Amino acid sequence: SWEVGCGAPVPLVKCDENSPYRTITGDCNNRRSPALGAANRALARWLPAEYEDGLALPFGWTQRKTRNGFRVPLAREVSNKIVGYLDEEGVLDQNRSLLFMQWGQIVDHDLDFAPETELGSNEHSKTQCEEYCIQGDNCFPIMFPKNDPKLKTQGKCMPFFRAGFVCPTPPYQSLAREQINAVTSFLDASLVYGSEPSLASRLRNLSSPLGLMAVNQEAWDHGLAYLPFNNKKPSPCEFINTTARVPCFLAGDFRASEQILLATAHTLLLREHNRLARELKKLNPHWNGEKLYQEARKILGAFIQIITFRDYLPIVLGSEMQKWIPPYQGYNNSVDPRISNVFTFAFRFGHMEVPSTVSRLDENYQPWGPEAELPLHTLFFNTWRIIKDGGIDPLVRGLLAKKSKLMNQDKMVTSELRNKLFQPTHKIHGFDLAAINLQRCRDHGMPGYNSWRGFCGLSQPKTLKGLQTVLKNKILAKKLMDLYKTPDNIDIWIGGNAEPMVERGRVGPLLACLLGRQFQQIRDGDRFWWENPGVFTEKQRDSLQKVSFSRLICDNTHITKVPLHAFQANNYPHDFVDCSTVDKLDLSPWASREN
């Protein structure tokens, strides 16, 4: 009847109350409700889901059924008319390095993943949805509007499969459909260690009692470790280049090889675990492998939290940072730490920060070889350009010395993502991440733009002129009104990203509120927050305050010249220092004395 808890899956609650370490699943963090923030449960609903039929059909599903009296426009038509641009000149962020973009993706992948339903195992609709563009069950194809050039070269649609949902994926559940978060809601390095026990063990080196993560046994980066290969088929990293046949990496997170700089960041974090585990073994030779793994895992989780909340979030939220994330006042076990469904769309502001090219730079921060700069689309599921072209150092120098794309109301998403995206099992560099995001907002039953404005205490524009004023842009407001016909129908991904950025920040007021609230909750609601008294000793916390992405690079690469503020736009050599001058993480406070 009430159906308070639909929890047939993952019923197991076997909580050690005493454990100084996190579970891999996120279970037991909250003592009163131990499933809160656990992986493989429903995304939180801050507002009730909004479906065409009130339960699970997306707006746009039934041609005849309006939203508030108007047909919702095709995701791809919004993408073409609003999100696309031609000229990559002038589009770079003069005050954010490319590392700023890349850290956002890292944090996002630690916090949330809504994987497509697996109803494609030995299924026709796996290829049939792509082949015949026929909407049904989990097939919700992105149809091309009539004037779309892709209609001329790529057929009628782009394939799209509905996200997985809680209480059996194929059939009906208690009231509205709730999509799954497959990773831990805590900011806990689940993207390095995994959110499931099987994966987390596969990633470990259990051959030695050294608490190490498994490393590649077939390839080395000038003696430095690579992630292991994912030896499974079919492999998109092999598909791109069947001559090189270099597989995807195997990381804590499914998505680690989606692009070369994400793979690069994952590689830095793995190196850091093993570095930490080796340093701890020197300090504490009596520590067994499990203890070394847990202790290094706990430090790397703290590293990710401190970089995120001290360095990253202030330059995302700008003037809104203090409003939404006041200085820390300790653990609040009444806070809901779960990632919300809306946050998983709010955080996609990163899509508008991705620039059109990636560079490899040499030890003078000068172009590395004759093709030093490459188009982003050639680097989707690309591991062979790492193994076979110079390792991660040239790409890390690019992350430091090159710039994020700046979000621009006239230039939102580069064609490298908007027309050339590669999706596994599709075979073409032909997808549109903007269209996918809009279709997914509808898949997840998102409330529209004005419902979220109301949620955030902001004005709800009802007319062209009101929207013009909110967006500070008359042409953008007119295009959105021509497509939507009411600001109430504007999908949250495009409405949030259309707002001009807050002072000293990189998102508008609506996104600052949605992101701000989520990050407040993941900090306040986390029993294992690095700064929660008892988690670390006061001396440990004194050491941890000195972490920086600059030291992470110095410690885990052959790079000896780094900037002191790695998320800022930094130019070589003026903004760069020797690793010598950069604070180290002093692990002496981890020395464990019994006798």
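Take the two forms, superpose them, and find the largest set of C-alpha atoms that agree within 1.5 Å; that set is the rigid core. Residue numbers run from 1 along the displayed sequence.
**Q** Stretch 231-239 versus stretch 290-298: after rigid core alignment, which one is farther off in C-alpha RMS in 9 other deposited structures of this protein?
**A** Output: 231-239, the stretch lying farther off on average in 9 other deposited structures of this protein.
**Q** Name the stretch that deviates more in 9 other deposited structures of this protein: 410-418, or 164-172? Use RMS CA distance to the shown form, core superposed.
**A** Between 410-418 and 164-172, greater C-alpha deviation in 9 other deposited structures of this protein belongs to 164-172.
**Q** State which stretch shows the higher mean Cα B factor in the entry: 204-212 or 471-479.
**A** Looking at the record's C-alpha B-factors, the answer is 204-212.
**Q** Looking at the deposited entry, does 338-346 or 252-260 carry the larger mean Cα B-factor?
**A** It is 252-260 that shows the higher mean C-alpha B-factor.
**Q** Highest Cα B-factor in the PDB entry belongs to which of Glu178, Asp110, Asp389, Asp443?
**A** By C-alpha B-factor in the record, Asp389 ranks first.
**Q** Using only the C-alpha B-factors in the record, can you name which of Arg517, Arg297, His286, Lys403 has the highest?
**A** That would be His286.
**Q** Splitting the chain's C-alpha B-factors into thirds, which one does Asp542 fall into?
**A** For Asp542, whose C-alpha B-factor we compare with every modelled residue in the chain, the answer is the highest third.
**Q** Relative to the other modelled residues of the same chain, rank the CA B-factor of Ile436 and answer lowest, middle or highest third.
**A** Within its chain, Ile436 is a lowest-third residue by C-alpha B-factor, going by the deposited values.
**Q** Just say lowest, middle or highest third for the CA B-factor of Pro159 relative to the other modelled residues in its chain.
**A** It falls in the middle third of the chain.
**Q** Please rank the C-alpha B-factors of the chain's modelled residues and tell me whether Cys513 sits in the lowest, middle or highest third.
**A** Lowest third of the chain for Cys513's C-alpha B-factor.
**Q** Divide the modelled residues of the chain into thirds by Cα B-factor and specify which third, lowest, middle or highest, holds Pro58.
**A** It falls in the bottom third of the chain.
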